[PDB]
Trainee: 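Could you have a look at this structure, given as structure tokens, before my questions?
Side-chain atoms are counted along with the backbone in the values below, which use heavy atoms only and exclude waters and symmetry mates. Labels below follow one simple rule: chain letters A, B, ... track the order of the sequence lines, proteins then strands, and each chain is numbered from 1.
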Protein chains: 4
Amino acid sequence: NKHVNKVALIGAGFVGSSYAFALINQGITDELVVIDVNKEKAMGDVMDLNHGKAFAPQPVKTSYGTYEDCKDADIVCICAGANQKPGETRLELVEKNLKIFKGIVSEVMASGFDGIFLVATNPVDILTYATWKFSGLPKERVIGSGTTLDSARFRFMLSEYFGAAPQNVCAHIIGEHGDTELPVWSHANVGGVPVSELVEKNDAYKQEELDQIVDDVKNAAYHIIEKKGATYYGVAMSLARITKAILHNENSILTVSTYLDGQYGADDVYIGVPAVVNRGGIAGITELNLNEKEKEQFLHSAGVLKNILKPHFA
Amino acid sequence: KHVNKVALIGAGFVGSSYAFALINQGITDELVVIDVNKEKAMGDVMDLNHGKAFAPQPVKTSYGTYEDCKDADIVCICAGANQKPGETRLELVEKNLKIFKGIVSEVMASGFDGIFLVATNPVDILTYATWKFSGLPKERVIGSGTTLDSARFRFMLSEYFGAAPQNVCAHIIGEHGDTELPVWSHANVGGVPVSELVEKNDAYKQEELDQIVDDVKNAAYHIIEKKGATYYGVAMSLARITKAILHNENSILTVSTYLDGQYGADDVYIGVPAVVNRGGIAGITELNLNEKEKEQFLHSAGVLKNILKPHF
Amino acid sequence: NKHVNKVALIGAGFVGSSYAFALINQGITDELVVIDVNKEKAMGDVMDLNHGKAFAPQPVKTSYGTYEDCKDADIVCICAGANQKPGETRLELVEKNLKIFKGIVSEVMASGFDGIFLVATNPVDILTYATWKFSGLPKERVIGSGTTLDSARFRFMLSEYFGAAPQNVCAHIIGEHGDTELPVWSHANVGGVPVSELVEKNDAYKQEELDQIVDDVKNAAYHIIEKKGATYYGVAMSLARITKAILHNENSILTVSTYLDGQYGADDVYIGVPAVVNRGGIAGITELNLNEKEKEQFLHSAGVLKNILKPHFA
Amino acid sequence: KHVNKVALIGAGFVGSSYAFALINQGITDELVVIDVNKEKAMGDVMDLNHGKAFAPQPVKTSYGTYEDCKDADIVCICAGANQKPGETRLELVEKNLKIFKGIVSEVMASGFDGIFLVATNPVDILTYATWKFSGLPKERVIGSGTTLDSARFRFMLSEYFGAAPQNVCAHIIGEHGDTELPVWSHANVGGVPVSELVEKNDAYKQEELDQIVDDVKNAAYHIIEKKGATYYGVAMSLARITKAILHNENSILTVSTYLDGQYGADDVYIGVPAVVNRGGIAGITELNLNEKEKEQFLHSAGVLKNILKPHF
Ligand SMILES: NC(=O)c1ccc[n+]([C@@H]2O[C@H](COP(=O)([O-])OP(=O)(O)OC[C@H]3O[C@@H](n4cnc5c(N)ncnc54)[C@H](O)[C@@H]3O)[C@@H](O)[C@H]2O)c1
Ligand SMILES: NC(=O)c1ccc[n+]([C@@H]2O[C@H](COP(=O)([O-])OP(=O)(O)OC[C@H]3O[C@@H](n4cnc5c(N)ncnc54)[C@H](O)[C@@H]3O)[C@@H](O)[C@H]2O)c1
């Protein structure tokens with residue numbers, strides 16, 4: 001791991017495998033190790049992914065292994081966990097996933113691992129916080145997927161809408177990855193021009209075309225799930241994106257799950273805010289000056305997370 | 001300005017992975033997904049579009065129907081019949097021929113005339129069939145052939161001899177399947193034939209190169225044995241072929257090609273090194289097969305043509 | 001024309017050649033034709049550029065030609081012109097370059113050309129305006145390099161200074177390519193956080209560090225010219241960047257020279273403002289809401305350009 | 001995490017273009033520029049940094065002195081003696097040996113322990129010299145050799161026979177200059193030897209591809225007639241060699257390599273296909289030269305050794 005990057009992936013279901021396929025198709029990592037007690041499916045996938053390695057932009061070494069093989073990984077990405085049953089509450093789900101994560105994080109730490117954790121399993125902000133507690137690592141080195149997917153979709157939708165490149169559009173979705181996440185309209189700007197100005201100086205641009213764009217961003221997963229049974233291509237891409245910012249030391253600003261410590265008036269909680277991501281993990285936290293409405297929405301969002309953490313952590 | 005468009009027929013494991021590979025690689029400008037099961041196709045398009053903002057190149061992906069093929073540069077067929085694990089029907093090829101008959105008809109009816117790319121098995125048979133059912137020139141119906149197997153082979157050897165695959169020549173030709181064969185006579189690392197390296201060294205034993213071939217030929221069976229299906233590797237090969245087409249690469253690939261007595265066989269689609277570009281097959285490179293290989297090849301071409309007439 | 005991009009370059013000196021080398025190294029165009037009456041130097045460069053085409057990321061066809069060879073070009077890039085002699089005024093330089101451009105533009109129009117003009121020669125805003133008048137093309141299809149290079153250097157300094165990726169930093173330099181160009185501080189933001197906030201809520205972030213970053217951006221060319229004798233690598237890169245936004249239809253926002261009639265209170269002048277650039281040229285003009293100071297700086301900048309145009313145009 | 005670093009010695013036409021090519025291609029992480037003419041090097045670093053925001057990859061470029069070579073992975077030498085119009089002096093090799101002597105001792109004295117990449121002419125001679133003055137392992141001193149000329153060749157041949165250069169083997173070996181020679185015996189397209197294509201057709205004939213070789217050998221002289229110097233092509237070849245090193249490619253390239261009787265030559269640096277990776281030269285491809293090529297090659301190696309002895 002001096003001239004080569006390695007990723008250990010824990011959990012080879014739909015998300016995990018699509019994530020692996022993405023890393024390979026994009027040439028993001030040099031080595032990938034897949035860890036999953038379901039050995040036949042996971043070795044099947046590893047073998048399938050090696051089958052076509054000749055066509056990838058860069059050669060990727062893919063293997064089946066276990067926790068000991070994490071020793072030299074730069075990143076461990078956890079996609080393992082039970083899935084939210086209908087009629088089950090999130091606290092009931094969290095109780096199951098905390099037990100699973102306790103074993104995983106424990107074993108990874110004992111292998112000698114000294115990299116970054118990247119958490120994908122739901123509820124992600126909760127499990128990111130737990131991985132921090134269980135691991136003993138600095139909070140900068142435990143990262144969750146946060147609202148990254150929703151943000152990027154929000155930012156692209158708008159980019160199509162006002163007609164600039166995404167690189168030029170500023171739009172963040174922040175808060176808990178879920179229903180209480182909020183748009184930061186007060187700071188949304190096309191090519192530097194605040195959205196509110198673009199709207200008022202125009203009736204080709206109207207708020208409802210915008211307030212529904214938000215409602216569609218928040219329901220995207222539910223509609224995918226309704227038509228196909230599950231969602232995983234989007235999540236895979238968002239994880240590949242985060243992995244790339246880390247392995248290639250990009251200092252990209254992404255709304256990953258980040259530990260807050262007083263900023264935005266929130267304490268002792270992992271939550272989606274814009275943060276600079278590099279080879280060391282979290283390099284810095286962007287502190288947007290929220291307007292009064294957003295500040296209340298956000299503290300509420302941080303609140304629903306603390307309500308879930310409180311029964312499980314002191 | 002030309003906008004590259006692909007239409008995909010069949011959003012199963014192979015079709016879906018193929019799509020995801022195009023999106024991750026930035027290979028096409030537009031992609032349309034068509035499936036008899038409309039809800040799966042709709043759902044898949046939504047999932048693929050969910051992470052659209054993370055794709056390296058913008059790609060317009062949409063749900064479509066047969067008429068949306070009209071202006072497609074390429075139509076990729078990944079649809080096919082399910083196994084009935086009972087009726088092993090060494091045929092059942094009949095099931096698929098009927099599917100392809102109906103499918104090809106609908107796309108021709110839409111006004112399409114770009115290129116077909118066939119992935120379903122048995123790929124050589126169904127490629128021949130697609131040509132027949134479509135009435136397009138032979139250079140514009142293409143099957144995945146043995147491209148995957150040749151590519152494993154070639155790379156698996158750049159490891160063995162220690163060069164970039166870029167510098168290591170090696171093909172696998174014949175029917176995609178059991179009767180396929182390596183072209184040892186033209187295998188060379190750097191500008192240096194394999195047999196030369198075999199004798200003039202024993203870090204390069206001559207049985208170690210032999211076993212590598214068995215790996216390549218059985219790789220798919222082993223994946224199927226564990227997971228139930230292969231898709232990631234296939235999807236990669238398809239995306240590669242699509243890339244040589246859409247970007248006019250003129251790159252040499254052992255795709256399923258129509259033969260005109262060129263390897264002592266004709267009236268058959270079969271795996272052979274063909275040059276691939278925007279017009280489709282642009283040439284067939286003709287290897288000087290040694291006698292062992294001519295035997296293997298014509299036996300392989302025979303096996304295929306055999307299963308053919310009964311339906312043509 | 002339909003499956004391939006072509007660039008015609010007029011003028012094969014330091015800028016033009018470096019630009020060509022840049023297009024080739026970056027794989028931006030499929031075809032390049034070089035046009036210059038200095039036949040030996042220009043065929044020399046074409047031959048030199050072709051000598052190593054095998055190592056370029058993409059195969060690129062380079063040739064020596066003349067105006068007739070512009071018929072099927074997507075872009076014509078003009079780098080030809082006299083160079084500003086010591087003790088010569090800009091109005092004296094413009095008199096020379098207007099005569100030269102009159103011949104060049106006339107000849108390329110008569111060849112059948114129907115693409116975009118990209119103008120590099122100094123004074124760039126003046127010659128971009130002239131090329132518009134001489135060509136009869138829509139104003140969206142005549143583009144100058146503008147403050148594009150200074151802007152991007154400005155937006156890289158700050159990127160290294162506040163520690164985020166460039167794609168996350170917003171900072172424009174606008175106005176005349178030259179001494180009256182101004183920073184738009186009022187809209188400079190990191191991750192969406194105005195620079196003025198960042199200065200206050202910290203003092204690892206003082207003002208002068210900022211004002212000097214500007215003074216150094218304005219003088220960069222002069223210092224290169226002191227030590228090296230001439231400047232051309234940066235200019236070439238900025239041109240390749242603009243060319244890429246056009247040939248690949250990016251909708252990138254770039255401070256190219258753009259025709260204003262009314263925007264920012266300026267009429268009938270080409271000047272550097274942020275504009276969306278795509279395959280059709282200028283797609284839209286970002287209208288920043290300048291503060292009192294900036295608005296005055298900008299109209300002064302538009303003013304020194306009109307002072308130069310007025311003797312030459314109605 | 002390792003940061004790739006390149007030190008460049010000589011910011012003239014070739015050095016400057018090499019730098020701009022590294023920046024445009026995103027090949028290294030850091031680059032230092034060293035020149036006796038301090039002002040020129042400062043100015044160039046400044047010009048190269050001017051457009052830094054536009055580089056595809058971040059690259060730290062700095063002005064430097066010989067001590068800055070300590071951490072350098074690669075040291076590239078593009079410095080050399082001026083023509084002198086006066087005495088044509090088939091020597092002046094003397095002028096340049098004195099330059100390299102001083103340059104190499106200065107870098108070694110910094111703690112440098114990476115790879116040398118030599119570009120100045122006559123490249124083969126100066127590569128030999130650099131290996132002497134440095135005392136490094138021979139696998140860590142590399143000359144540009146005939147990489148450029150082979151790559152042109154390989155390319156003109158992908159046009160002529162109509163394939164992607166990726167599958168069109170053809171080398172040019174020997175001294176970089178007049179006595180260099182094409183290896184027709186292993187020239188092949190898609191697996192098929194050139195001679196097979198020449199006789200088996202008249203769309204292809206052995207005077208067509210006889211002149212392709214003369215164009216290749218004389219290209220540089222023609223550029224020099226017109227413009228005074230070549231740099232763009234050379235800079236491209238250097239950046240390519242630098243890329244195979246820094247990115248551990250195991251690319252086969254006809255760089256200047258030290259020979260151990262390997263082609264009947266010994267104690268000489270000369271152009272042959274060698275595998276290039278992060279450790280430098282990792283192997284030497286042993287082509288089975290026909291008798292004509294053996295003659296040319298050993299004659300080529302003779303010419304070189306002969307220029308060497310008076311300085312041995
Ligand atoms: N390794 C393998 O993936 C495997 C193994 C043996 C055979 N095959 C053959 O290859 C085909 C593709 O493999 P897969 O794993 O993606 O199968 P799959 O079952 O996952 O998907 C096949 C898709 O084709 C679609 N389809 C069927 N008839 C259609 C029609 N007439 N028009 C449009 N779409 C139609 C189905 O809806 C399905 O989505 C299989 O159907 C099978 O015939 C595949
Ligand atoms: N086609 C060609 O470019 C060409 C033609 C004939 C000979 N050459 C040889 O190759 C060399 C490089 O080619 P070029 O075209 O860039 O020449 P160039 O004159 O443009 O650059 C040579 C650079 O080397 C520098 N230099 C000289 N001695 C040095 C030393 N002791 N330490 C550090 N730097 C030193 C010079 O200051 C100069 O900047 C030439 O000097 C010449 O010997 C090149």
Trainee: With side chains defined as the heavy atoms from C-beta onward, is the minimum distance between B:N188 and D:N188 less than 4.5 Å?
Mentor: yes
Trainee: Minimum heavy-atom separation for B:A164 to D:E249, with atom names?
Mentor: CB-O, 3.6 Å
Trainee: I need the contact set between residues 288-304 of chain B and chain D: heavy-atom distance under 4.5 Å, sorted by residue number.
Mentor: B:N288
Trainee: Does the side chain of B:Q166 come within less than 4.5 Å of D:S251's, by heavy atoms?
Mentor: yes
Trainee: Not counting sequence neighbours, which residues clear ring pair (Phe, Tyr, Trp, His ring centres under 6.0 Å) with D:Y232? List them please.
Mentor: C:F21
Trainee: For D:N277, which atoms come within 4.5 Å of any heavy atom of chain B: side chain, backbone, both, or neither?
Mentor: neither
Trainee: If you round to the nearest 0.5 Å, how far is CG of D:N167 from OG1 of B:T285?
Mentor: 8.5 Å
Trainee: Indicate the atoms forming the closest heavy-atom contact of B:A163 with D:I252, along with that distance.
Mentor: CB-CD1, 4.2 Å
Trainee: If you count the non-hydrogen atoms of other residues, nucleotides and ligands that lie under 6.0 Å from CD in D:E159, is the total more than 12?
Mentor: yes
Trainee: Identify the two heavy atoms, one from D:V192 and one from B:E286, that lie closest to each other, and give their separation to 0.1 Å.
Mentor: CG2-O, 3.4 Å
Trainee: What do you reckon, is CG of D:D214 surrounded by more than 12 foreign heavy atoms closer than 6.0 Å?
Mentor: yes
Trainee: State, to 0.1 Å, how close D:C169 and B:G191 come at their nearest heavy-atom pair, and which atoms those are.
Mentor: SG-CA, 4.1 Å
